[PDB]
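Worksheet: one structure, shown below.
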Amino acid sequence: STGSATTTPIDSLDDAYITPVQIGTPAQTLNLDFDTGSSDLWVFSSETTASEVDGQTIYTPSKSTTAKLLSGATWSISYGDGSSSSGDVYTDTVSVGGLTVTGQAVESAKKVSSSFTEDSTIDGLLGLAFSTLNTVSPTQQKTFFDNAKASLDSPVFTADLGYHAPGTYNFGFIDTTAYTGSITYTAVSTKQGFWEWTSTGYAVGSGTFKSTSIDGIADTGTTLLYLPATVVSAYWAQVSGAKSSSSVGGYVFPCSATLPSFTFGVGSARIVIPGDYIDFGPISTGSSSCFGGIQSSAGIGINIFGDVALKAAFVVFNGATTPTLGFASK
């Protein structure tokens, strides 16, 4: 089997991407944030504290003839941005772009933190990291991809995120029309539960490529590109007036600037992020200070190849017995 679904930016900055997902019988369609950095499929629901729902579409398990309470199971997750959610668990039928999994754990939120409430466009998350990170207790549950894998034509999914435009998540096949050149595959460590890999270096604009190993994670659920402070300083030093602002929370730059590109290495291959992809707009409405899309990871503990990086590539998440990642230009 295969599936193919369009993913759409939630706003004009590509702050996140939403993909429609069918849950239950009859189908209830919710727009979920597909997140290769986590492993829980959770949704706003009829159980979510009413004051914490503000415009999201909710899953109502009592209206699904295939929903079954997973007795005793609870979940609770905290994300790198400080947000969190928790609740109980149902199993139900879940379909993405024509690909159906029966018995998928659907984690129903009883509580969500303010940033989720405040974003009316995201009805939940669909985790695509390794199932070892799934938070359901006392019986850990499998991701949608893990449950689908054996049925897929090939045990892979691909992320093709757009810049200020829709893109595609495919399951079970590699669309050879969706990229240019060849796909370069690189090794993955699953030891932390992530799609963790080692970039071979970087360049700023037209500058020379610096060969240096950068371990980090391919994370569709993180907006920006988070890299070591040395790399980030070298980038922003090429932008007149750019500075790191403790009060804003990262590098800002004059909105009048033209940003240089940023290149990252995948083996001997190179992925070029155009400068425009690094502009996240005014820090507050009407400001002439703009927020940068490349930020330091120094306070995170891990480097994160988020959407800013991934949207410049066609990315293969290869879930073969030994997982690997593939990157192609497009």
Side-chain angles (χ1 to χ4, degrees), residues 5 7-8 10-11 15-62 64-67 69-96 101-109 112-141 143-147 193 219-223:
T7 193
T8 299
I10 64 165
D11 63 22
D15 281 318
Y17 297 77
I18 50 171
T19 309
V21 178
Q22 282 72 48
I23 308 177
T25 308
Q28 299 178 41
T29 299
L30 276 63
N31 296 327
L32 304 188
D33 184 353
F34 281 24
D35 180 12
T36 63
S38 69
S39 307
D40 288 49
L41 192 176
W42 74 260
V43 296
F44 279 78
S45 75
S46 59
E47 302 181 328
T48 309
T49 297
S51 66
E52 296 178 352
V53 185
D54 183 7
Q56 295 79 12
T57 295
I58 63 168
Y59 170 57
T60 302
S62 68
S64 174
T65 61
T66 43
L69 179 71
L70 188 61
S71 181
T74 60
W75 62 279
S76 180
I77 192 162
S78 307
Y79 296 101
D81 66 355
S83 67
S84 64
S85 52
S86 62
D88 56 17
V89 186
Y90 294 82
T91 59
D92 210 338
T93 301
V94 172
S95 298
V96 177
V101 167
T102 57
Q104 173 65 44
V106 177
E107 302 173 33
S108 167
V112 306
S113 67
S114 57
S115 66
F116 288 115
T117 299
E118 290 162 2
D119 182 3
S120 69
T121 72
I122 291 178
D123 303 323
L125 267 67
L126 189 150
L128 293 166
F130 293 87
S131 293
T132 54
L133 294 178
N134 176 265
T135 78
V136 176
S137 179
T139 307
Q140 188 171 62
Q141 301 294 305
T143 68
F144 175 83
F145 177 55
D146 221 334
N147 281 323
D219 185 359
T220 58
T222 290
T223 312

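Below, each value reflects all heavy atoms present in this structure, side chains not excepted, and no hydrogens, waters or symmetry copies. Here, residue 1 is the first one in the sequence, and each next residue gets the next number.
- Listed for the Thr223 side chain is no donor-acceptor partner under 3.5 Å among the backbone atoms of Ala16.
- Between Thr19 and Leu32, every side-chain heavy-atom pair lies at or beyond the 4.5 Å cut-off.
- Looking only at distances, no side-chain donor or acceptor of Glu107 sits under 3.5 Å from a matching main-chain atom of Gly87.
- Here the straight-line distance linking atom OG of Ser38 with atom CD1 of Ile77 works out to 5.0 Å at 0.5 Å rounding.
- In this structure, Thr220 and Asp35 approach most closely via the heavy-atom pair OG1-CA, 3.5 Å.
- Side-chain polar atoms of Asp92 and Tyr59 form a donor-acceptor pair below 3.5 angstrom.
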Given side-chain contact (heavy atoms from CB on, under 4.5 Å), test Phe116 with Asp33 step by step and report yes or no. CA-CA 11 Å; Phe116 288 115; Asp33 184 353; over 6 Å; no
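- Listed by chain and residue number, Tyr169 satisfy the ring pair (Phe, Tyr, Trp, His ring centres under 6.0 Å) test with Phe34 (two or more places apart in sequence, or in another chain).
- Nearest heavy atom pair, residue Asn134 against residue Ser39, reads ND2-O, 3.0 Å.
- When the side-chain contact (heavy atoms from CB on, under 4.5 Å) test is applied to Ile18, the partners found at least two apart in sequence or on another chain are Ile10, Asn31, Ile122.
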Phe44/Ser85 under side-chain contact (heavy atoms from CB on, under 4.5 Å): CA gap, chis, key distance, verdict: CA-CA 10 Å; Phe44 279 78; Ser85 52; over 6 Å; no
side-chain contact (heavy atoms from CB on, under 4.5 Å) between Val21 and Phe144, intermediate numbers included: CA-CA 11 Å; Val21 178; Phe144 175 83; over 6 Å; no
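- Listed here is the closest heavy atom pair of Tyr90 and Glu47: OH-OE2, 2.6 Å.
- Under the 4.5 Å side-chain criterion, counting only non-hydrogen atoms from C-beta, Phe145 is not in contact with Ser131.
- By the side-chain hydrogen bond (donor to acceptor under 3.5 Å, both in side chains) test, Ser83 pairs with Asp81, sequence neighbours left out.
- Side-chain contact check for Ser64 and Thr66: at least one donor-acceptor pair (N or O, by modelled atom type) lies under 3.5 Å.
- Looking at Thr29 and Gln22, their side chains do bring a donor and an acceptor atom within 3.5 Å of each other.
- The minimum heavy-atom distance between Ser45 and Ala109, with the atom names listed, is OG-O, 3.2 Å.
- Proximity of a side-chain donor or acceptor of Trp42 to a complementary backbone N or O of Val89 within less than 3.5 Å is not detected.
- Although no hydrogens or angles enter the test, the distance criterion places a donor-acceptor pair under 3.5 Å between the side chain of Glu52 and the main chain of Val112.
- Residues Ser86 and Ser76 bring no donor and acceptor atom of their side chains to less than 3.5 Å of each other.
- Applying the side-chain hydrogen bond (donor to acceptor under 3.5 Å, both in side chains) criterion to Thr102, with sequence neighbours excluded, gives no partner residue.
- Taking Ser137 as the reference, nothing meets the side-chain hydrogen bond (donor to acceptor under 3.5 Å, both in side chains) condition, with sequence neighbours excluded.
- In plain terms, the two heavy atoms of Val106 and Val94 that are nearest each other are CG2-CG2, 3.7 Å.
- Here the CG atom belonging to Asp40 is positioned 9.5 Å from the CD atom belonging to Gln141, to the nearest 0.5 angstrom.
- A pairwise comparison of heavy atoms in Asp54 and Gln56 identifies N-OE1, 2.8 Å as the closest pair.
- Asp219 pairs by the side-chain hydrogen bond (donor to acceptor under 3.5 Å, both in side chains) definition with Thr222, not counting sequence neighbours.
- Side-chain N or O atoms of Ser113 include one that pairs as donor or acceptor with a backbone N or O of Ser84 at under 3.5 Å.
- The side-chain heavy atoms of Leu126 and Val96, taken from C-beta on, include a pair separated by under 4.5 Å.
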